[PDB]
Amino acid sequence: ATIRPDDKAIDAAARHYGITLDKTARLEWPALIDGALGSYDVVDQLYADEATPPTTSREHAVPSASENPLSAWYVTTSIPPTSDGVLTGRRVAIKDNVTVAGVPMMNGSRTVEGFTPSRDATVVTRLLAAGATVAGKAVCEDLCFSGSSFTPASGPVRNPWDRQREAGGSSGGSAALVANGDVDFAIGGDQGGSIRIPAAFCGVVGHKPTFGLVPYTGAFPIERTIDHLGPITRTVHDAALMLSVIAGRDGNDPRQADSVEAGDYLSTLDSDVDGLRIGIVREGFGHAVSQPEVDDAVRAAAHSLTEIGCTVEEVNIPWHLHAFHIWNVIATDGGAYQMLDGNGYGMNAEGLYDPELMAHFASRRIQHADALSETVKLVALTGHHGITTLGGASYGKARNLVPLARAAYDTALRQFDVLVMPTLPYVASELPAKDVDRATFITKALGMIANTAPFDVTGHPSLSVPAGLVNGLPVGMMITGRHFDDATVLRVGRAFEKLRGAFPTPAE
């Protein structure tokens, strides 16, 4: 039977709503609430009998310091494919915010550590059905709220290009393992650039697919309207291949529209791009906080596409800057409302939920709140202010502005086939010392998402490909296109890699 609240809990609930309880009320509510919970008891029983996922027994191991040099692995496994396929003979690391049944996960946080899911994320099932072996869980930022790699409760993920530098973040571990050659590819999550940022920092390919193309089912939700799952690989071809396996509706994710269909990302991947119009987004360069060498390198790279028949022109998109602020409001008010108060999944959306995860996270969140990264706390504090004192109105205003941000990009996309700009304004910087200043922490954790985040809110497919090296470190060029035109984005990316030539491995 469902647990009932005690008298102080009832009183506390009343205070929360500004409801004052009379001595007579304090006496009647208990039985009334108990009666109301009769329905919860039934749901509890129905759930136990009709919707409790079957047990799963898989092996996992915590790597020793030796076998985990970059601190990129949370736990290692060897889950065999259920069928042979286009991924046969390949290993894949799974970002720790994505569930793999029978294998522990902590989403880089003390508030989730200790949890072992009962269901496999849809992407995991598809990967295994395509012949891939799941090699393990890759470390990610504390509750995925960091653009760097120093917020994981398990320690900072190190860039294989320079172990004293950041691997980028939340998917830092995934990118690191891929760049370091530990796995063929990885699944990453992207809310504000979490797939693209680490790919850029580590010099690998990272693709944030069109919003809703890849099912988020089974991944730890942050803000429903900006959650994306996508591939992190060493080459564009591998990204297209992985996308051909994970793309598609699964019927359990409310983010996926009825019209969503996987495209054909391989057939014309290597087709000529002669005549394609490429737009260099001016607002994507020369930010106050950035390294001009990076901007020039990427800029040069974008122009070199004329060598293969592309028309390259600069274009102004003022809304690109506004989109960042809109994203911020949505990720902050929405994030606190959903990820924290809603215990990851939140409510009011049809779909597949993970009640076990919600309960686990709920009990540990308050008990280990102080262990939360400073960025998550910033979101909790200002978000709480937006939700309560501000009445959520700022979130409502941001939402009403998204169509305009989306239309701004689509207008440019009518003049060009794809838009390009630097994925990041600078190269992997050194990790902060365990004594970092809270203000430094926040700026160093979220100061590199200016170009990536806007596309998380508008939903356009966005690809990050290694553009070159600056001071011996990777820099990435970001290619963005029309919704569900991931094929063209990948094709342009493939064309660029061919022109650019093989990109060096940190093992060199």
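Note that residue numbering begins at 1 and tracks the sequence as displayed.
Averaged over C-alpha atoms, is the B-factor higher for 199-207 or for 103-111 in this PDB entry? Comparing averages over the C-alpha atoms only gives 103-111.
Read off the CA B-factors in the entry, average them over 292-300 and over 385-393, and name the higher stretch. The deposited B-factors put 292-300 ahead on the C-alpha mean.
Select one of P355, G218, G212, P160: the residue whose C-alpha shows the highest B-factor in the crystal structure entry. Most elevated C-alpha B-factor of the set, per the entry: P160.
Residue, from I442, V42, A453, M477, that the PDB entry assigns the highest Cα B-factor: Going by the entry's C-alpha B-factors, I442 comes out highest.
Would you check the entry's CA temperature factor for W327 and let me know if it's in the chain's lowest, middle or highest third? Its C-alpha B-factor, which the entry lists for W327, ranks in the lowest third among residues of this chain.
Taking the chain's C-alpha temperature factors as the reference, tell me which third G131 falls into: lowest, middle or highest. For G131, whose C-alpha B-factor we compare with every modelled residue in the chain, the answer is the middle third.
Based on the deposited C-alpha B factors for this chain, I'd like to know if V489 is in the lowest, middle or highest third. Ranked within chain, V489 CA B lands in the lowest tercile.
In terms of the CA temperature factor given in the entry, to which third of its chain does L463 belong: lowest, middle or highest? Its C-alpha B-factor, which the entry lists for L463, ranks in the lowest third among residues of this chain.
Going by the recorded CA B-factors, say which third of the chain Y426 sits in, lowest, middle or highest. Tercile = highest for this residue's CA B-factor.
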